Structure formats: structure tokens, C-alpha cells
């Protein structure tokens, strides 16, 4: 129902798609090759800038295949993409394995899931 405006800023940028009508999220594909050493983090670029309908955020979520088979995950999962973030989407990927992990161009390395936001007003009590 909700709307996300999207700008490609890299030749390899892809418009994320839902696999099925029941998918919670959409696959995010790398636009560049990144080597990630054992026991370290890399920043993987997605080559897209998003504008989300007010009232919504994006969660950037670890893919389970990569987690189970290479101990690779989104280190800040669920990574927060704020409604007012307009820069490039990038995934912080950790390699918790003893083996190197190559992110090739096109690789699905995270998922984007749209969620509604709810802003809190704080009311201080000496209670």
C-alpha cells in the first residue's frame, strides 16, 4: 500500500523486489565487490537512495542462508533506515567466521522490511 521513491546512483543498482506476495521484505543486492576478512566488518553499498512515505521506516535484516552457511550477518540487524534518511543504502556486514567471505556484485546480502513508526512523547515522573 505504502510508497517508496527510489533513485539509482550506481550502474549495478537494482530496484528491490518482493519474491512473493507474502514476503515481509525485499532483497538488497550489492553493487560492488567487497572482501570481508574473518572476524571483521565491511560496508556493502546498494546504490539506491530511498524516500519513504512519512510514517514508515526500513529494517535491514540478516539473510538466514548467509547466517547459517557462512556466519555472515547484518551486524546492526535490524538495521535502522530512518524515514528522513536520503543518502545511499549500505549494509554493515559482519563475518563472524574463520574463513574469508567474498561479496560479489549482485549478491543478496540483506533484506529490507518496511515497518510503521510510532513516535513516543516522554513524560517524566519522580515516581
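Residue numbers count along the first chain shown, from 1.
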Inset, instruction - Output the stretch having the higher mean C-alpha B factor in the entry; the candidates are 59-67 and 33-41. - result: 33-41
Inset, instruction - Look up the CA B-factors in the entry and say which stretch, 98-106 or 75-83, has the higher mean. - result: 98-106
Inset, instruction - For residue 111, return the chain-relative third of its C-alpha B-factor as stated in the PDB record: lowest, middle or highest. - result: lowest
Legend entry - Third of the chain's Cα B-factor distribution that residue 20 belongs to, per the entry: highest
